[PDB]
Structures are given as C-alpha cells and as structure tokens.
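Visitor: This one's experimental. Sequence and coordinates below.
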Amino acid sequence: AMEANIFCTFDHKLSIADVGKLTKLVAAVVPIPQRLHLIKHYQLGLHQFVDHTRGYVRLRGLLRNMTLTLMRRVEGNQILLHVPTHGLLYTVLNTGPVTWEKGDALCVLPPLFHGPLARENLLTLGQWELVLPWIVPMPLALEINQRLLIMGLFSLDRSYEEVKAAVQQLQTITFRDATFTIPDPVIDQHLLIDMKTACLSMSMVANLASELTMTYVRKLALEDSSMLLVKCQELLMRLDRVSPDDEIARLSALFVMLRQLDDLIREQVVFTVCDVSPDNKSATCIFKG
Amino acid sequence: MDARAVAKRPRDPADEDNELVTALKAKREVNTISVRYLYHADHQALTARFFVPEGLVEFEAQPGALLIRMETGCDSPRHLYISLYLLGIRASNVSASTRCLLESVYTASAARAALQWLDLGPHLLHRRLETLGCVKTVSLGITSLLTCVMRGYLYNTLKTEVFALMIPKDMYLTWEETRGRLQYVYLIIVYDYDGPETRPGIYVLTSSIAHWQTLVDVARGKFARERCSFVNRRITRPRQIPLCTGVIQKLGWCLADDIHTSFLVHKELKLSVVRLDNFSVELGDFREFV
Amino acid sequence: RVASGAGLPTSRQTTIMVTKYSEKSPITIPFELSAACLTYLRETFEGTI
C-alpha cells in the first residue's frame, strides 16, 4: 500500500547530527527540475538555479515549470519525496518568514534571502547548500512583485536623494506583525539583466501603446459599432494635450513584450489553508495546481 | 517483483479491516470504544473547521451556504467569516424589499461592524474578500463552530443527507434559456464606478460555458453599462486609479437539473432562494477582467 | 485528560520527558599516628616485659 514516492539520495558523508538537522524539515516543499524516480541531491532545491550574474525574476520564471514535492520521510541513505496531486490535502511547514492564517491563498516565490543571515542555518555541505523556496500568501506576493519592479524602474535616477528616500520607502513593507524588508535589485549602481529585460519590456509596451492606439481607434471610428469605442479615443485626445512592414514589426514587438511579461503579471495560487497548526510553524493545505 | 505481485488484484478498502482493529487484535485486548466501523473513512470531500462570533450565524442554522472570509485592517479580529447573505446589504443588485428583510435579521453587534469594515478602506471588495466555500454543519454556541467544505460534494455524516447550496434570488443570474447537461457556477463581482457610489453588484452566474475567454466575451456583452461607467469615471476624474470592473471566480459546478427555487425560514423571515441540490465545491482565485 | 463538551477547547496528546541528575559530596576524616607508635608497632625490640 505504498504511495508513489521519488527517492533522493546523498553523495556526501552526511553525519548523524546533519541528519538530525534534516529531520526537522518534514513538510517543507522542495522543487524538482524534472520528474525522475531516483535523483541526486544536486537537483533538490534552488541551489541548482543560483546565479550571481542573473537576477531574481528569472528564478521566478524558472520556478514555474518545476515540480514541487514534499519531504515524505527522512532516513538513512535516501530521502522520501511525495509528488502532490490536485485535490488531496497535505501538511506544509511555514518555511517562509511570514505568518499564515486560515484560508489564505498561498503562492510559491524564490527566497529573497540568501547566504549569511541569523536564521539561515540550513542543510549545508562543503559546496552544496540546501535553499528553500518561500511560501507567502497571494496579496503579499503581488505587493512584493510590484515593489521589486518599481525599485527596478528607479535604477537610472538613483543619484538623486528623493529617489534614494523612495528606495528606502519601497524596500521595506509592513504586514501582519511583519517588519519585513526585501533586497534591492540593483547592486553597485548597475542593474542585472533580468530586471533590465523586465523594465525594458514594460517600457516598450507602454511606449507602443502610447504610439499606435490613437491611429488604430481613429481608424476604428469609421467602422464604429459601439459607443464604448468612440469615447475611448476621446480620452486619448485628452491625454495627448511609416512603412506597413514596420507597422507589423511594431505590433509583433508589442506582443513579444507582452509575452515576456506573463512571468510577472500573473501567478497561480498553489495552496490554500484548511487549518493552521498552533504556533504557526505548520499548516494543513489542500493542493491546487 | 514476481508474476503474482503484478497479477495481484487491486486493493479495496472496505474488504480489509482498519488500522486500529488489526493493531488491537494482535496484542489481544478489547476496550469500550467500538472500532470495527470507523466513521469518515470514505469521505472524499475535503473539509475544515472555523470559528465565528454569534452575530453572524443568523441565516446559517440551515446547512449549505457560501462562506467568504473578509479582511479587516485591525490586528486581533483582523479576519472575519461572513456569509453571503450578510453581504446582501452591500450589493446594489439587491432590491429594497429583500434588503430591508435581511438587514432586519442582522441587528447584532458584529454584523454592522463588518458592514462598516466593507465601507471604510480605500480598496475594493474583491481585494478584501476571500472565498472559503460552503458550510455543512453548525454547532450553535455563543461562539459557534462551523464546518466548511473546501472541495467536493456536500453531505452529512454517513452520507444520509445531501446538503444543498443556497443563494438568494437577487444574486441569481442566467444567460441562457436552455441549460446544458452540466452548468458550472461562478461568483461575479461587477463594480459600478458611478459618481456617489462605487457599491458593486454581486451576482452568482450558472453557465454551461467552461473556457474562460468564452465566458468573458459574454461577460462584456452582459455588463456593458458598467464598462462605460468605468471608462467614464476614468475620463471624468483623472489622478485616480480605477481597476477591475468585473471580477469572476469559479465557485464550483452543479448538475443543471436539480436547480430549483425554494426558500429558507429563520426567525419567521421567508427569503426566496435558489436551491442547488447536488453542488460540488471547486474554488478558484478571483480572476479579474474589464 | 478529560472529555469536554461540544465546541469547548479539547485536550491534546502530551509528552513530557524530564531528567534527574546526581551530585557528589566526598568526606575525609584524617588521623595521626605518632612516630613513636609506628616505631614501636612493627619493629621488634629486645625481649623485655
């Protein structure tokens, strides 16, 4: 009567105290890059995806196409992992730094903390370090995405002081008994390529919308059939106060910048809480994939 | 590993005994607890348990009603579980007669506090409403205990009675005269961005359409006036950021034949409702559109 | 534990493991033996009463 379980081993000589460190992480969701059956421990967590060169939201895009197992049982020489299926309930540990409550829509985010921190004593080897994805509720995830994206938008004008105080304002967030702070996406007054592609795509779709749409709705008024369409170009006239293959190229690049933004503008709720354990360390959630 | 292991017949749960029976039977003891039939083993519906103050559990002694947790910017009571009927004092869709009926049953302390908390923030409703699903039992204390149903059917213990989802008549809305073999149910919040009020209209749609684009293309065709109201308050009042004219989440699905009109009586207040007898709850996120 | 009523807060499974230690307290009472006594105890002298 065994369940479908993916077995993961370890190649290093894991000591007894390190297993005892590992045994606390029972209901901790760990991603998997590829649904194998027996997998090495180098592909268990985000430390196969750690890149000092690349940014943060590239990891958010690469977390979408993972497989998010749960540590079913920890013992000697192999670790059990449980692939969840849609509809059955599972316990999840609060590996994220945010408190949870009954019925919150949970979403999975790459951890905004890494390396040296007073609570980042994690499962570590000589070169391997286990890092866990964050599990935060839905509106906090939306707000964090907006904060990091706006802080990426201020990457060029950082020399002024109003922008610096704005970065100090956006970098922190108050939540339910949370004085949480995020890291800044810029380091050493130059921006990483992930955030640069994100803000470039957003600025491009905003600029192309500000360029094409007046001409298109002005062309649409000849074949106008709804009063919703004539009044929308009126506000374009209010706000404002070529080769055809290039026009096709402009529309195509607009849709390319639209396609390169779905990793930011939406996210799927993964868990929702049925019950939270007392002291908020764990909770019981149904799956929703 | 051999031929007989794969050639073994599949396992049925009711044929084999429970865990506790074969645990006690080995060491040869018998206790006063009867363990030969263990309840709630064959219960596919995922459920939970939530507390609620007494001020909200009117129109709730009947089993089967929607339950949406609403947000609250405080710290201690910061989450509160309100029924759909108590949200009826906020919908502009509700007529005056039904509103004066159901506001005359929530004349307690905490009901008006949730009424004020809905109309005190800078945000909309669907940025403060989170659906939990449907109840199936009460407990009726001074702090009543409810059992909500998260995913699956609604039934009693021992499955002897199928509870039915109730929705009031004003929020009901169909867009076809010929219902299919199935029709899903959706929860529609559509905002009226008119001058003195942004008080939305709450609707529960029972449609046979499944794919979401093929739902929103008729959602625009049924709520065009509110779209014009949204763009009108956008062009009229700049330096304001309106958003999400209509928000739709999938509530669940039904059988498209047991849907009939009924009523609930409570404190001799007859309220005409729509009764969905075999409703299976399948919650979804508040998907937003324009 | 005890069984409460419906809706009242119940009583959960409780495991408690404590540990009693052990102290230590040595004692010592010395005693002197004079060199005259130790000389006249083990050594044999001439045959006198």
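Guide: Great, that's in hand. Numbers count the residues shown, from 1 in each chain, chains lettered A, B, ... in the order given.
Visitor: Where does the stretch 51-200 of chain A get nearest to chain B, which residue?
Guide: residue A:103 (5.1 Å; CB to the nearest CB). C-beta coordinates here come from the backbone N, C-alpha and C atoms, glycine included.
Visitor: actually chain C, not the one I wrote
Guide: residue C:7 (4.7 Å).
Visitor: ok, now how distant is that residue from residue B:275?
Guide: 28 Å (CB to CB, to the nearest Å).
Visitor: Give the buried residues for the lengthiest helix in chain A.
Guide: The longest helix of chain A (DSSP state H) is helix A:193-220. Neighbour counts using 16 or more other CB atoms under 10 Å in any protein chain shown place A:194, A:195, A:197, A:198, A:199, A:201, A:202, A:204, A:205, A:208, A:217, A:220 of helix A:193-220 among the buried residues.
Visitor: and the fifth one, how far is that from residue A:190?
Guide: Counting by CB to CB, the gap from residue A:199 to residue A:190 is 13 Å.
Visitor: Would you map the strands across the stretch 1-150 of chain B?
Guide: B:46-47, B:50-53, B:66-71, B:79-83, B:129-137, B:143-152 (DSSP state E, counting those that start in this stretch).
Visitor: Identify, out of the ones you listed, the most deeply packed stretch.
Guide: Highest mean neighbour count among the strands of the stretch 1-150 of chain B (mean count of other CB atoms under 10 Å in any protein chain shown): strand B:129-137, with a mean of 23.
Visitor: which secondary structure elements does that one contact?
Guide: Using 3 or more CB pairs under 8 Å, 6 or more residues apart in numbering or on different chains; DSSP states H and E, the elements in contact with strand B:129-137 are strand B:66-71, strand B:143-152.
Visitor: correct me, but residue A:78 touches residue A:6?
Guide: No: the criterion here is CB atoms under 8 Å, and residue A:78 misses it with residue A:6 at 10.1 Å.
Visitor: Looking at those two, which is more packed in?
Guide: residue A:6 (19 against 14; other CB atoms under 10 Å in any protein chain shown).
Visitor: partners of the more buried one in the sheet?
Guide: residue A:81 (DSSP bridges).
Visitor: ok, now which ones touch it?
Guide: The neighbours of residue A:6, taking CB atoms under 8 Å, 6 or more residues apart in numbering or on different chains as the test, are A:32, A:35, A:36, A:37, A:38, A:39, A:69, A:80, A:81, A:82, A:83.
Visitor: Could you save these as TSV and add columns showing neighbour count, distance to residue C:29 and secondary structure?
Guide: What follows is those, written out as TSV (neighbours: other CB atoms under 10 Å in any protein chain shown; distance: CB to CB, whole Å; DSSP: H, G, I helix; E, B strand; the rest coil):
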residue	neighbour count	distance to residue C:29	secondary structure
A:32	18	73	strand
A:35	11	78	coil
A:36	13	75	coil
A:37	9	74	coil
A:38	9	71	strand
A:39	19	71	strand
A:69	21	70	strand
A:80	16	64	strand
A:81	20	68	strand
A:82	16	69	strand
A:83	15	74	coil
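Visitor: Nearest to residue C:25 among those residues?
Guide: residue A:80 (51.3 Å; CB to CB).
Visitor: mind listing the helices for the stretch 51-200 of chain B?
Guide: Assigned by DSSP state H, counting those that start in this stretch, the stretch 51-200 of chain B shows helices spanning B:96-102, B:109-118.
Visitor: which of the ones you listed sits most buried?
Guide: Greatest average neighbour count among the helices of the stretch 51-200 of chain B goes to helix B:109-118 (a mean of 16), per mean count of other CB under 10 Å.
Visitor: can you give me the offset of that one from its chain's centre?
Guide: 19 Å (CA atoms, centre = their mean, to the nearest Å).
Visitor: touching chain A at all, that helix?
Guide: No: residues of helix B:109-118 contacting chain A under CB under 8 Å from any CB of the partner chain: none, with a closest distance of 15.8 Å.
Visitor: Now do that helix: which elements does it pack against?
Guide: Helix B:109-118 packs on strand B:66-71, strand B:79-83, going by 3+ CB pairs under 8 Å, 6+ apart.
Visitor: With distance to chain A as new columns, can these be given to me in a markdown table?
Guide: Shown next, in a markdown table, are the helices and strands packed on helix B:109-118 (distance: least, CB to the nearest CB, whole Å):
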| stretch | distance to chain A |
| --- | --- |
| strand B:66-71 | 5 |
| strand B:79-83 | 6 |
